[PDB]
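S.K.: got an experimental structure here, sequence first:
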Amino acid sequence: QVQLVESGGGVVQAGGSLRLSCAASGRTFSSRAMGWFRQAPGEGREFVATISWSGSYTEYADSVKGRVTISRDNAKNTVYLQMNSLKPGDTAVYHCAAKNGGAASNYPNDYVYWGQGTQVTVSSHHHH
Amino acid sequence: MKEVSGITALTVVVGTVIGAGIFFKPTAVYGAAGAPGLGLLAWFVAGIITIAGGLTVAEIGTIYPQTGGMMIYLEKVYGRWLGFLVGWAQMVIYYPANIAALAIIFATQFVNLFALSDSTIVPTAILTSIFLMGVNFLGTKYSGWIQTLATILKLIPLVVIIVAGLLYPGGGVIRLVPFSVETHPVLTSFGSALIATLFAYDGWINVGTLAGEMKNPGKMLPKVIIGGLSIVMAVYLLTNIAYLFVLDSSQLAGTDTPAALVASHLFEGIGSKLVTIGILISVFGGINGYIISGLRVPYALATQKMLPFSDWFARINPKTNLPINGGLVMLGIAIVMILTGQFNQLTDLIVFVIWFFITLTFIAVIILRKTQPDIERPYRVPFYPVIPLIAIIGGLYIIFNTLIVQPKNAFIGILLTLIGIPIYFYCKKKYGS
Ligand SMILES: [Zn+2]
């Protein structure tokens, strides 16, 4: 009963910046810890960010620390991922997940509701 | 009393702690206290220590709402190294020896019940650990399927033992009368006693992640640790009175399967076998449930730079959603630990090791109270300096008493904790692999 929908992520340039958005079902959101994960088209999932219910705690993975910023608007049941200085080794579907309880998690298995994910392509020169 | 929101949490508190502890530890407690009376206090004081510990660790747990626990409490007040050393020992010592110890004790009980050779304990301890690691990589269908029954049928062998044990025909207050014996003098004894009762009280640390998860915490949160661990306290004392009503100090210390023997006196025939099946289940549910919460650590160090093959460690298999590669490392170092250690020797490491960092965590709460006394505190430790200091006072007491009793154990954990100082710094410039 918690539908999540990701927005924003598409083709971007190296060094550029991308704000990701994730819209959730409501009620339950303000009481739930959130987090984003990324899935490259050879790998499984991978921790990116996570945020407490109240948004007090926040934790980012080694490869994205400093660049990205996770944030949530409990009033508008949404969680954001303000990535900056993007590198082409970011390029992956960024699924946004929900779990229960305020405590944030780096573990994917904690997370019970998961989004479809928005495809991100960071490049230096692209073709289409 | 009666909040309804938390009687659910109380389940957890009792369940997280209660398990295979009481079913195997008496052998150590009475083999060190050398008298029923001194051993019985050790279960009370250890319990009073962890009701203390549990309330102090919830403040830092509410300042840092996260499921990671300690790995983050300790980075946040003691810097990236202690956030690391915590996990390094968790991954290399604590989880592997907790699989190890329990798997050994399982096989031990298996050979006791299905009366078999005492040679074929280690092969069975290997094969249970190997089996349950494998079965966990099948997924949380099965891992969790073991867990649900393992929680139903861990309370029945107890309620059945207490009822009857306290009702034992030769029995009453005299069945605990030698209080402190001279062959086992009070101080050397109470130090090997507390560290054996504290293994049964283990998992009480998970209250930080519990308080992290909490919503509007204080409302009933302290009642849940108080009530919870005092129901565990209540149980662990009451089933011991039952053990001492059937056997006694020398006798409990005698077989490495204490509760199993008290079972066979309390009930005749298959009645007592149904109790030991309940024990083997209780042990197996712990092994499995440890693996379950074990795979989390190597991965969180793989989340950071902290481990040499960070990429291989962080691999979640797209099928299961678990970092199995962490557990294959932990199965190896558990297997070395089953072949090299002996159950009590191992369950001792574990209390020493964890409390070396657990102390730090309480010390940290008092540090935190002076570093940012303007941080937001959803829950604040009641009777403020008293109880964290109580937990410290008792905490300190263990790590000094194990040092001085078991010097080798104090060094194996210390060799293996400090073997990670090189590890941390190799893969901080290099960032792993
Ligand atoms: Zn071109």
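M.R.: On my side now, so go ahead. Residues are numbered from 1 along each chain as shown, chains lettered A, B, ... in the order given.
S.K.: residue B:276 against residue B:266, yeah?
M.R.: No: using C-beta atoms under 8 Å, residue B:276 is not in contact with residue B:266; the gap is 11.3 Å. Where you see a C-beta, it was placed from the backbone N, CA and C, and this is true even at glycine.
S.K.: so what's residue B:179 closest to, chain neighbours aside?
M.R.: residue B:37 (3.3 Å; C-beta to C-beta, 6 or more residues apart in numbering or on different chains).
S.K.: quick one, phi psi at the one you found?
M.R.: Dihedral pair for residue B:37: phi -60, psi -50, per degrees, to the nearest 10.
S.K.: alongside chain B, which residues does chain A contribute?
M.R.: Applying C-beta under 8 Å from any C-beta of the partner chain, one finds that chain A approaches chain B through A:31, A:33, A:43-47, A:50, A:52-54, A:56-57, A:59, A:61-62, A:100-110.
S.K.: again, 6 Å this time
M.R.: Within chain A, the positions near chain B by C-beta under 6 Å from any C-beta of the partner chain are A:31, A:44-45, A:47, A:52, A:57, A:61-62, A:101-110.
S.K.: now the strands for the chain?
M.R.: This is for chain A. A:4-7, A:11-13, A:18-24, A:34-39, A:49-51, A:58-60, A:70-73, A:78-83, A:92-98, A:113-114, A:118-123 (DSSP state E).
S.K.: so which elements touch the third one?
M.R.: Which is strand A:18-24. strand A:4-7, strand A:78-83 (3 or more C-beta pairs under 6 Å, 6 or more residues apart in numbering or on different chains; DSSP states H and E).
S.K.: and the buried ones among the residues of chain A next to chain B, selectable in PyMOL?
M.R.: In PyMOL, this line selects whichever of these come out buried by 16 or more other C-beta atoms under 10 Å in any protein chain shown:
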select buried, chain A and resi 44+45+47+52+57+61+101+102+103+104+105+106+107+108+109+110
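S.K.: ok, for residue B:247, nearest residue in space, not its chain neighbours?
M.R.: residue B:262 (6.0 Å).
S.K.: that should have said residue B:314, apologies.
M.R.: residue B:302 is the one closest to residue B:314 (C-beta to C-beta, 6+ apart), at 3.6 Å.
S.K.: same deal with residue B:345?
M.R.: That would be residue B:409: by C-beta to C-beta, 6+ apart, it lies 6.6 Å from residue B:345.
S.K.: cool, residue A:39 as well?
M.R.: residue A:93 (4.9 Å).
S.K.: okay, now the one you found: neighbour count?
M.R.: Around residue A:93 sit 18 other residues, with neighbours defined as other C-beta atoms under 10 Å in any protein chain shown.
S.K.: identify the bridge partners of it.
M.R.: As for beta bridges, residue A:93 partners with residue A:39, residue A:119 under DSSP bridges.
S.K.: residue contacts, it?
M.R.: Shown in contact with residue A:93 (C-beta atoms under 6 Å, 6 or more residues apart in numbering or on different chains): A:39, A:117, A:119.
S.K.: show me how to select, in PyMOL, the buried members of those residues.
M.R.: Applying 16+ other C-beta under 10 Å to those, the buried members can be selected in PyMOL as follows:
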select buried, chain A and resi 39+117
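S.K.: which single one of the contacts of residue A:93 is nearest to chain B?
M.R.: Of all the contacts of residue A:93, chain B sits closest to residue A:39, with 8.1 Å by C-beta to the nearest C-beta.
S.K.: surely that closest one and residue A:45 touch.
M.R.: Yes: using C-beta atoms under 6 Å, residue A:39 is in contact with residue A:45, at 5.3 Å.
S.K.: what's the separation between the residue nearest to residue B:314 and residue B:147?
M.R.: 25 Å (C-beta to C-beta, to the nearest Å).
S.K.: what's the neighbour count on residue 97?
M.R.: I went with chain A, as the question did not name one. Count around residue A:97 with other C-beta under 10 Å applied: 24.
S.K.: my bad, chain B
M.R.: Under the criterion other C-beta under 10 Å, the count of neighbours that residue B:97 has is 26.
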